[PDB]
Amino acid sequence: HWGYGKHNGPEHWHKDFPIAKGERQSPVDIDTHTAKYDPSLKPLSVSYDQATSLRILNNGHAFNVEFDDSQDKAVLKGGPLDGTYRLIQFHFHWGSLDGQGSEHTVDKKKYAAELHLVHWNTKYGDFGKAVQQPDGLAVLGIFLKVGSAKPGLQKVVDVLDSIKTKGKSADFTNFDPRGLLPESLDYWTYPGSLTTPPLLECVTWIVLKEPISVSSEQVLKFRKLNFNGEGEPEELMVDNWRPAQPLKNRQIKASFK
Ligand SMILES: NS(=O)(=O)c1ccc(C(=O)NCC(F)(F)C(F)(F)C(F)(F)C(F)(F)C(F)(F)F)cc1
Ligand SMILES: [Zn+2]
């Protein structure tokens, strides 16, 4: 099925998922001179004090750090959102070199990677229901640039050796995702979609202006993961990002003046 190579990569996804050419696809380029400050944006509330991480999984496209979302522990509220969105997993998209890797771009600039903290709207009762609704998910997107190490990421990069190939997983309890946030919570927001098949148009995107810094050694370890399963020909998990899609009739709003 789909992937990131020449033969199954983003330019092909529309054949099995025609919504690939829809009216609210993600990611997009964020044109900093067109995005308008919206003084009506309520403030953002990231409540991760009670987050319970459970497991890390290589799913053959990225790795997901998964949380217990059986109850309202780690939630995202406020900003452009109505109601309460539960954290279910985070993952990253990254490149083969530092010059590309992010999905969103800023004035066409690609970052070395992008973190997605995925949350679902609890008024829909479960995640599978939430993905069918235009306000079903809220994805908090954080850019990564390469420079000084991020101390809160090191537990993640140290476990990657044990989930090298697709379908491998490891116990990953007690990880605190607050250690992946930047200082400022200033953000851009627009209505969009999942950036992997089935590309459902169910996401409120909230993309932080301030990137986090990670080290070269840190991102080099992301790039040693494999897209393939155990014992199959090795295909390094790199460039697992979808390029920017047409903005169409959408407004990107800024939380900051
Ligand atoms: N990169 S991103 O934008 O942050 C991003 C975030 C999360 C997902 C994600 O949960 N895909 C998984 C998925 F939702 F597609 C899903 F398989 F779980 C699903 F529920 F849709 C379903 F396919 F099961 C469906 F249709 F309901 F049957 C994808 C992209
Ligand atoms: Zn993602």
# chains A, B, ... in the order shown; residues from 1 in each chain; ligands from 1
$ residues_near_ligand --ligand "ligand 1" --cutoff "7 Å" --atoms "only C-alpha atoms and all ligand atoms" --output "ChimeraX atom specification"
/A:116-118,127-128,131,139,193-198
$ residues_around --residues "stretch 1-4 of chain A" --least-positions-apart "5" --cutoff "12 Å" --atoms "only C-alpha atoms" --output "ChimeraX atom specification"
/A:9-17,59-62,93-95,195-199,227-228,235-243
$ residues_around --residues "residue A:39" --least-positions-apart "3" --cutoff "9 Å" --atoms "only C-alpha atoms" --output "ChimeraX atom specification"
/A:42,254-257
$ write_last_selection --atoms "N, CA, C and O atoms" --output "mmCIF file, in the first residue's frame"
data_model
loop_
_atom_site.group_PDB
_atom_site.id
_atom_site.type_symbol
_atom_site.label_atom_id
_atom_site.label_comp_id
_atom_site.auth_asym_id
_atom_site.auth_seq_id
_atom_site.Cartn_x
_atom_site.Cartn_y
_atom_site.Cartn_z
ATOM 1 N N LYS A 42 -8.553 32.596 21.844
ATOM 2 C CA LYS A 42 -8.550 32.361 23.334
ATOM 3 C C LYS A 42 -7.201 31.821 23.765
ATOM 4 O O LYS A 42 -6.432 31.401 22.919
ATOM 5 N N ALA A 254 -2.851 33.872 13.130
ATOM 6 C CA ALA A 254 -1.767 33.898 14.128
ATOM 7 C C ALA A 254 -2.311 34.277 15.514
ATOM 8 O O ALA A 254 -3.183 35.165 15.634
ATOM 9 N N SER A 255 -1.758 33.654 16.542
ATOM 10 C CA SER A 255 -2.168 33.949 17.925
ATOM 11 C C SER A 255 -1.447 35.160 18.507
ATOM 12 O O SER A 255 -1.775 35.570 19.612
ATOM 13 N N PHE A 256 -0.490 35.686 17.774
ATOM 14 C CA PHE A 256 0.459 36.663 18.267
ATOM 15 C C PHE A 256 0.504 37.819 17.286
ATOM 16 O O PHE A 256 0.267 37.635 16.056
ATOM 17 N N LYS A 257 0.818 39.014 17.807
ATOM 18 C CA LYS A 257 0.644 40.300 17.022
ATOM 19 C C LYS A 257 1.841 40.667 16.154
ATOM 20 O O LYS A 257 2.949 40.184 16.413
#
$ select_by_dssp --residues "stretch 1-54 of chain A" --states "strand (DSSP E)" --output "list in words"
residues 29, 30, 36, 37, 44, 45, 46, 47, 53 and 54 of chain A
$ select_by_dssp --residues "stretch 39-244 of chain A" --states "helix (DSSP H, G or I)" --output "ChimeraX atom specification"
/A:122-124,127-130,151-163,177-180,216-222
$ residues_around --residues "stretch 218-223 of chain A" --least-positions-apart "2" --cutoff "9 Å" --atoms "only C-alpha atoms" --output "list in words"
residues 94, 95, 96, 97, 98, 112, 113, 146, 149, 150, 153, 154, 157, 158, 160, 161, 214, 215, 216, 225, 226, 236, 237, 238 and 239 of chain A
$ write_last_selection --atoms "N, CA and C atoms" --output "tab-separated table (two decimals), in the first residue's frame"
chain	number	residue	atom	x	y	z
A	94	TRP	N	10.57	13.39	9.38
A	94	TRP	CA	11.96	13.93	9.39
A	94	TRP	C	12.59	13.65	8.07
A	95	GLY	N	13.74	14.28	7.81
A	95	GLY	CA	14.37	14.07	6.53
A	95	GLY	C	15.62	13.19	6.44
A	96	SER	N	16.17	13.06	5.23
A	96	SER	CA	17.46	12.30	5.10
A	96	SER	C	18.64	13.21	5.43
A	97	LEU	N	18.43	14.51	5.31
A	97	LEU	CA	19.41	15.51	5.73
A	97	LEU	C	18.69	16.70	6.44
A	98	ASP	N	19.45	17.61	7.10
A	98	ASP	CA	18.79	18.64	7.94
A	98	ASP	C	17.97	19.67	7.14
A	112	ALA	N	14.22	20.59	9.90
A	112	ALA	CA	14.83	19.27	9.84
A	112	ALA	C	13.80	18.18	10.22
A	113	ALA	N	12.80	18.56	11.03
A	113	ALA	CA	11.74	17.57	11.39
A	113	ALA	C	10.54	18.35	11.95
A	146	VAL	N	18.23	21.68	14.02
A	146	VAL	CA	19.39	20.97	14.58
A	146	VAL	C	20.37	21.96	15.19
A	149	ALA	N	21.26	19.73	21.78
A	149	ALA	CA	20.38	18.60	22.13
A	149	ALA	C	19.16	19.03	22.91
A	150	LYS	N	18.09	18.28	22.72
A	150	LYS	CA	16.89	18.44	23.55
A	150	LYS	C	16.89	17.35	24.60
A	153	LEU	N	14.00	14.81	24.76
A	153	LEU	CA	13.90	13.84	23.68
A	153	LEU	C	14.81	12.64	23.85
A	154	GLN	N	15.82	12.70	24.72
A	154	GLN	CA	16.81	11.62	24.72
A	154	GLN	C	16.20	10.25	25.07
A	157	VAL	N	15.04	8.82	21.79
A	157	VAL	CA	16.03	8.37	20.85
A	157	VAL	C	16.77	7.15	21.42
A	158	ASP	N	16.84	7.02	22.73
A	158	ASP	CA	17.51	5.83	23.22
A	158	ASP	C	16.77	4.49	23.10
A	160	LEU	N	15.03	3.74	20.29
A	160	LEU	CA	14.74	3.50	18.85
A	160	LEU	C	15.41	2.21	18.31
A	161	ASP	N	16.60	1.91	18.85
A	161	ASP	CA	17.33	0.66	18.56
A	161	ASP	C	16.45	-0.60	18.78
A	214	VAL	N	17.25	20.23	18.54
A	214	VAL	CA	17.66	18.88	18.86
A	214	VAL	C	19.07	18.73	18.32
A	215	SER	N	19.82	17.76	18.80
A	215	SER	CA	21.21	17.66	18.26
A	215	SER	C	21.32	16.82	16.95
A	216	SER	N	22.40	17.01	16.21
A	216	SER	CA	22.70	16.16	15.07
A	216	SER	C	22.65	14.67	15.43
A	225	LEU	N	16.23	4.22	11.82
A	225	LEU	CA	15.05	3.36	11.81
A	225	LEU	C	14.79	2.83	10.41
A	226	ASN	N	13.96	1.79	10.29
A	226	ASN	CA	13.64	1.18	9.03
A	226	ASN	C	12.13	1.27	8.76
A	236	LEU	N	15.97	2.68	4.89
A	236	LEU	CA	16.03	3.60	6.04
A	236	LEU	C	14.78	4.43	6.09
A	237	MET	N	14.24	4.63	7.30
A	237	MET	CA	13.05	5.50	7.51
A	237	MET	C	13.55	6.94	7.50
A	238	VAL	N	13.49	7.57	6.32
A	238	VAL	CA	13.91	8.97	6.21
A	238	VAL	C	12.89	9.58	5.21
A	239	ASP	N	12.78	10.91	5.22
A	239	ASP	CA	11.91	11.64	4.33
A	239	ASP	C	10.46	11.12	4.36
$ residues_around --residues "stretch 30-32 of chain A" --least-positions-apart "3" --cutoff "7 Å" --atoms "only C-alpha atoms" --output "PyMOL selection string"
chain A and resi 35+105-107
$ write_last_selection --atoms "N, CA and C atoms" --output "PDB file, in the first residue's frame"
ATOM      1  N   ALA A  35      -0.571  35.547   6.975  1.00  0.00           N
ATOM      2  CA  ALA A  35      -1.304  35.056   8.179  1.00  0.00           C
ATOM      3  C   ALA A  35      -1.665  36.238   9.091  1.00  0.00           C
ATOM      4  N   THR A 105       5.681  24.234   6.268  1.00  0.00           N
ATOM      5  CA  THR A 105       6.847  25.077   5.993  1.00  0.00           C
ATOM      6  C   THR A 105       6.535  26.517   6.405  1.00  0.00           C
ATOM      7  N   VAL A 106       7.568  27.333   6.654  1.00  0.00           N
ATOM      8  CA  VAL A 106       7.332  28.735   7.055  1.00  0.00           C
ATOM      9  C   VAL A 106       8.022  29.596   6.012  1.00  0.00           C
ATOM     10  N   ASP A 107       7.244  30.375   5.251  1.00  0.00           N
ATOM     11  CA  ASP A 107       7.807  31.126   4.108  1.00  0.00           C
ATOM     12  C   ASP A 107       8.716  30.227   3.258  1.00  0.00           C
TER      13      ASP A 107
END
$ closest_residue --among "A:124, A:37, A:205, A:67" --to "ligand 2" --atoms "only C-alpha atoms and all ligand atoms"
A:205
$ closest_residue --among "A:114, A:25, A:49, A:165" --to "residue A:202" --atoms "only C-alpha atoms"
A:25
$ closest_residue --among "A:73, A:164, A:209, A:123" --to "residue A:140" --atoms "only C-alpha atoms"
A:209
$ residues_around --residues "residue A:244" --least-positions-apart "6" --cutoff "9 Å" --atoms "only C-alpha atoms" --output "list in words"
residues 25, 26, 27, 28, 29, 103, 104, 105 and 108 of chain A
$ closest_residue --among "A:163, A:130, A:203, A:115" --to "ligand 2" --atoms "only C-alpha atoms and all ligand atoms"
A:115
$ closest_residue --among "A:217, A:135, A:66, A:23" --to "residue A:249" --atoms "only C-alpha atoms"
A:23
$ residues_around --residues "residue A:53" --least-positions-apart "5" --cutoff "9 Å" --atoms "only C-alpha atoms" --output "number ranges by chain"
A: 65-68, 89, 172-177
$ write_last_selection --atoms "N, CA, C and O atoms" --output "PDB file, in the first residue's frame"
ATOM      1  N   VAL A  65       4.582   7.326  19.919  1.00  0.00           N
ATOM      2  CA  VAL A  65       4.576   7.145  21.378  1.00  0.00           C
ATOM      3  C   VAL A  65       3.107   7.269  21.788  1.00  0.00           C
ATOM      4  O   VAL A  65       2.462   8.318  21.529  1.00  0.00           O
ATOM      5  N   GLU A  66       2.554   6.225  22.411  1.00  0.00           N
ATOM      6  CA  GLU A  66       1.135   6.146  22.610  1.00  0.00           C
ATOM      7  C   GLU A  66       0.839   6.411  24.089  1.00  0.00           C
ATOM      8  O   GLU A  66       1.634   6.058  24.980  1.00  0.00           O
ATOM      9  N   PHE A  67      -0.309   7.005  24.329  1.00  0.00           N
ATOM     10  CA  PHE A  67      -0.735   7.402  25.691  1.00  0.00           C
ATOM     11  C   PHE A  67      -2.018   6.703  26.093  1.00  0.00           C
ATOM     12  O   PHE A  67      -2.808   6.326  25.249  1.00  0.00           O
ATOM     13  N   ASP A  68      -2.257   6.620  27.398  1.00  0.00           N
ATOM     14  CA  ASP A  68      -3.575   6.170  27.828  1.00  0.00           C
ATOM     15  C   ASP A  68      -4.582   7.333  27.672  1.00  0.00           C
ATOM     16  O   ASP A  68      -4.511   8.334  28.399  1.00  0.00           O
ATOM     17  N   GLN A  89      -1.435  10.144  20.825  1.00  0.00           N
ATOM     18  CA  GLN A  89      -0.055   9.673  20.495  1.00  0.00           C
ATOM     19  C   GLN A  89       0.698  10.878  19.965  1.00  0.00           C
ATOM     20  O   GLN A  89       0.066  11.886  19.614  1.00  0.00           O
ATOM     21  N   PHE A 172       6.948   1.939  27.074  1.00  0.00           N
ATOM     22  CA  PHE A 172       7.462   3.290  27.092  1.00  0.00           C
ATOM     23  C   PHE A 172       6.655   4.084  28.089  1.00  0.00           C
ATOM     24  O   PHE A 172       5.966   5.021  27.745  1.00  0.00           O
ATOM     25  N   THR A 173       6.748   3.710  29.364  1.00  0.00           N
ATOM     26  CA  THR A 173       5.891   4.334  30.353  1.00  0.00           C
ATOM     27  C   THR A 173       6.642   5.507  30.969  1.00  0.00           C
ATOM     28  O   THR A 173       7.901   5.599  30.905  1.00  0.00           O
ATOM     29  N   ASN A 174       5.877   6.387  31.596  1.00  0.00           N
ATOM     30  CA  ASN A 174       6.439   7.494  32.371  1.00  0.00           C
ATOM     31  C   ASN A 174       7.216   8.528  31.556  1.00  0.00           C
ATOM     32  O   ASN A 174       8.095   9.210  32.101  1.00  0.00           O
ATOM     33  N   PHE A 175       6.928   8.653  30.249  1.00  0.00           N
ATOM     34  CA  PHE A 175       7.616   9.669  29.471  1.00  0.00           C
ATOM     35  C   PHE A 175       6.805  10.987  29.576  1.00  0.00           C
ATOM     36  O   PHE A 175       5.575  10.981  29.409  1.00  0.00           O
ATOM     37  N   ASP A 176       7.476  12.115  29.805  1.00  0.00           N
ATOM     38  CA  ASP A 176       6.784  13.373  30.025  1.00  0.00           C
ATOM     39  C   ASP A 176       6.854  14.237  28.766  1.00  0.00           C
ATOM     40  O   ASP A 176       7.926  14.773  28.440  1.00  0.00           O
ATOM     41  N   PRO A 177       5.720  14.421  28.064  1.00  0.00           N
ATOM     42  CA  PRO A 177       5.870  15.084  26.739  1.00  0.00           C
ATOM     43  C   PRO A 177       6.087  16.605  26.877  1.00  0.00           C
ATOM     44  O   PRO A 177       6.372  17.311  25.895  1.00  0.00           O
TER      45      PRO A 177
END
$ atom_distance --atom1 "atom CA of residue A:47" --atom2 "atom CA of residue A:151"
20.2 Å
$ decode --residues "stretch 20-55 of chain A" --atoms "N, CA and C atoms" --output "PDB file, in the first residue's frame"
ATOM      1  N   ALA A  20      -7.081  13.181  -1.237  1.00  0.00           N
ATOM      2  CA  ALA A  20      -5.735  13.758  -1.388  1.00  0.00           C
ATOM      3  C   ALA A  20      -5.754  15.087  -2.137  1.00  0.00           C
ATOM      4  N   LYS A  21      -6.749  15.251  -3.032  1.00  0.00           N
ATOM      5  CA  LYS A  21      -6.883  16.506  -3.836  1.00  0.00           C
ATOM      6  C   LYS A  21      -8.053  17.337  -3.347  1.00  0.00           C
ATOM      7  N   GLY A  22      -8.395  17.201  -2.057  1.00  0.00           N
ATOM      8  CA  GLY A  22      -9.569  17.891  -1.470  1.00  0.00           C
ATOM      9  C   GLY A  22      -9.363  19.362  -1.151  1.00  0.00           C
ATOM     10  N   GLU A  23     -10.325  19.951  -0.425  1.00  0.00           N
ATOM     11  CA  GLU A  23     -10.283  21.373  -0.214  1.00  0.00           C
ATOM     12  C   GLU A  23      -9.646  21.754   1.095  1.00  0.00           C
ATOM     13  N   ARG A  24      -9.286  20.799   1.918  1.00  0.00           N
ATOM     14  CA  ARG A  24      -8.646  21.200   3.193  1.00  0.00           C
ATOM     15  C   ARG A  24      -7.536  20.216   3.569  1.00  0.00           C
ATOM     16  N   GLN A  25      -6.611  20.038   2.636  1.00  0.00           N
ATOM     17  CA  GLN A  25      -5.484  19.091   2.847  1.00  0.00           C
ATOM     18  C   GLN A  25      -4.309  19.756   3.587  1.00  0.00           C
ATOM     19  N   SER A  26      -3.570  18.914   4.318  1.00  0.00           N
ATOM     20  CA  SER A  26      -2.396  19.303   5.081  1.00  0.00           C
ATOM     21  C   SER A  26      -1.242  18.434   4.618  1.00  0.00           C
ATOM     22  N   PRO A  27       0.001  18.940   4.793  1.00  0.00           N
ATOM     23  CA  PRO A  27       0.315  20.206   5.401  1.00  0.00           C
ATOM     24  C   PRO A  27       0.193  21.368   4.366  1.00  0.00           C
ATOM     25  N   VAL A  28       0.505  22.580   4.821  1.00  0.00           N
ATOM     26  CA  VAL A  28       0.543  23.766   3.984  1.00  0.00           C
ATOM     27  C   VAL A  28       1.768  24.646   4.300  1.00  0.00           C
ATOM     28  N   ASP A  29       2.085  25.538   3.367  1.00  0.00           N
ATOM     29  CA  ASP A  29       3.138  26.536   3.662  1.00  0.00           C
ATOM     30  C   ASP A  29       2.507  27.641   4.454  1.00  0.00           C
ATOM     31  N   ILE A  30       3.203  28.149   5.470  1.00  0.00           N
ATOM     32  CA  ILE A  30       2.665  29.235   6.259  1.00  0.00           C
ATOM     33  C   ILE A  30       3.371  30.506   5.816  1.00  0.00           C
ATOM     34  N   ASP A  31       2.623  31.342   5.118  1.00  0.00           N
ATOM     35  CA  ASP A  31       3.181  32.601   4.626  1.00  0.00           C
ATOM     36  C   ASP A  31       3.086  33.639   5.742  1.00  0.00           C
ATOM     37  N   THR A  32       4.197  33.965   6.380  1.00  0.00           N
ATOM     38  CA  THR A  32       4.130  34.791   7.573  1.00  0.00           C
ATOM     39  C   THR A  32       3.575  36.217   7.284  1.00  0.00           C
ATOM     40  N   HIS A  33       3.619  36.661   6.031  1.00  0.00           N
ATOM     41  CA  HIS A  33       3.098  38.002   5.692  1.00  0.00           C
ATOM     42  C   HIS A  33       1.624  38.007   5.222  1.00  0.00           C
ATOM     43  N   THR A  34       0.987  36.866   5.282  1.00  0.00           N
ATOM     44  CA  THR A  34      -0.415  36.782   4.880  1.00  0.00           C
ATOM     45  C   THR A  34      -1.216  36.314   6.092  1.00  0.00           C
ATOM     46  N   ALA A  35      -0.571  35.547   6.975  1.00  0.00           N
ATOM     47  CA  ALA A  35      -1.304  35.056   8.179  1.00  0.00           C
ATOM     48  C   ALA A  35      -1.665  36.238   9.091  1.00  0.00           C
ATOM     49  N   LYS A  36      -2.936  36.343   9.478  1.00  0.00           N
ATOM     50  CA  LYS A  36      -3.373  37.513  10.245  1.00  0.00           C
ATOM     51  C   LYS A  36      -3.513  37.242  11.764  1.00  0.00           C
ATOM     52  N   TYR A  37      -3.015  38.177  12.561  1.00  0.00           N
ATOM     53  CA  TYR A  37      -3.160  38.096  13.974  1.00  0.00           C
ATOM     54  C   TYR A  37      -4.671  38.149  14.228  1.00  0.00           C
ATOM     55  N   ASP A  38      -5.152  37.230  15.038  1.00  0.00           N
ATOM     56  CA  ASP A  38      -6.545  37.218  15.401  1.00  0.00           C
ATOM     57  C   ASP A  38      -6.653  37.457  16.922  1.00  0.00           C
ATOM     58  N   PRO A  39      -6.995  38.711  17.333  1.00  0.00           N
ATOM     59  CA  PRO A  39      -7.070  39.039  18.765  1.00  0.00           C
ATOM     60  C   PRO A  39      -8.179  38.242  19.478  1.00  0.00           C
ATOM     61  N   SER A  40      -9.085  37.607  18.723  1.00  0.00           N
ATOM     62  CA  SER A  40     -10.110  36.752  19.281  1.00  0.00           C
ATOM     63  C   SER A  40      -9.658  35.320  19.670  1.00  0.00           C
ATOM     64  N   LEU A  41      -8.431  34.922  19.305  1.00  0.00           N
ATOM     65  CA  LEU A  41      -7.970  33.553  19.655  1.00  0.00           C
ATOM     66  C   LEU A  41      -7.769  33.474  21.183  1.00  0.00           C
ATOM     67  N   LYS A  42      -8.553  32.596  21.844  1.00  0.00           N
ATOM     68  CA  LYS A  42      -8.550  32.361  23.334  1.00  0.00           C
ATOM     69  C   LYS A  42      -7.201  31.821  23.765  1.00  0.00           C
ATOM     70  N   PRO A  43      -6.837  31.850  25.068  1.00  0.00           N
ATOM     71  CA  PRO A  43      -5.376  31.408  25.074  1.00  0.00           C
ATOM     72  C   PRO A  43      -5.218  29.837  25.005  1.00  0.00           C
ATOM     73  N   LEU A  44      -4.068  29.314  24.587  1.00  0.00           N
ATOM     74  CA  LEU A  44      -3.923  27.826  24.416  1.00  0.00           C
ATOM     75  C   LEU A  44      -3.651  27.184  25.764  1.00  0.00           C
ATOM     76  N   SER A  45      -4.226  26.006  26.013  1.00  0.00           N
ATOM     77  CA  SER A  45      -4.023  25.322  27.270  1.00  0.00           C
ATOM     78  C   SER A  45      -3.522  23.928  27.020  1.00  0.00           C
ATOM     79  N   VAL A  46      -2.239  23.722  27.295  1.00  0.00           N
ATOM     80  CA  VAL A  46      -1.649  22.397  27.179  1.00  0.00           C
ATOM     81  C   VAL A  46      -1.526  21.762  28.557  1.00  0.00           C
ATOM     82  N   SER A  47      -2.369  20.788  28.864  1.00  0.00           N
ATOM     83  CA  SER A  47      -2.408  20.216  30.230  1.00  0.00           C
ATOM     84  C   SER A  47      -1.888  18.823  30.215  1.00  0.00           C
ATOM     85  N   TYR A  48      -0.587  18.663  30.441  1.00  0.00           N
ATOM     86  CA  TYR A  48       0.029  17.352  30.316  1.00  0.00           C
ATOM     87  C   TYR A  48       0.574  16.859  31.641  1.00  0.00           C
ATOM     88  N   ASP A  49       0.184  17.502  32.749  1.00  0.00           N
ATOM     89  CA  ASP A  49       0.694  17.049  34.047  1.00  0.00           C
ATOM     90  C   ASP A  49       0.389  15.562  34.311  1.00  0.00           C
ATOM     91  N   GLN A  50      -0.792  15.129  33.915  1.00  0.00           N
ATOM     92  CA  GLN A  50      -1.214  13.753  34.199  1.00  0.00           C
ATOM     93  C   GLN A  50      -1.006  12.733  33.039  1.00  0.00           C
ATOM     94  N   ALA A  51      -0.221  13.100  32.027  1.00  0.00           N
ATOM     95  CA  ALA A  51      -0.045  12.265  30.835  1.00  0.00           C
ATOM     96  C   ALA A  51       0.510  10.899  31.249  1.00  0.00           C
ATOM     97  N   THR A  52      -0.055   9.816  30.713  1.00  0.00           N
ATOM     98  CA  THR A  52       0.452   8.462  30.949  1.00  0.00           C
ATOM     99  C   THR A  52       0.854   7.848  29.640  1.00  0.00           C
ATOM    100  N   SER A  53       2.147   7.829  29.355  1.00  0.00           N
ATOM    101  CA  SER A  53       2.648   7.179  28.095  1.00  0.00           C
ATOM    102  C   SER A  53       2.656   5.653  28.368  1.00  0.00           C
ATOM    103  N   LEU A  54       2.444   4.846  27.351  1.00  0.00           N
ATOM    104  CA  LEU A  54       2.359   3.395  27.553  1.00  0.00           C
ATOM    105  C   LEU A  54       3.379   2.657  26.693  1.00  0.00           C
ATOM    106  N   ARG A  55       3.486   3.036  25.411  1.00  0.00           N
ATOM    107  CA  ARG A  55       4.186   2.174  24.484  1.00  0.00           C
ATOM    108  C   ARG A  55       4.770   3.014  23.334  1.00  0.00           C
TER     109      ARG A  55
END
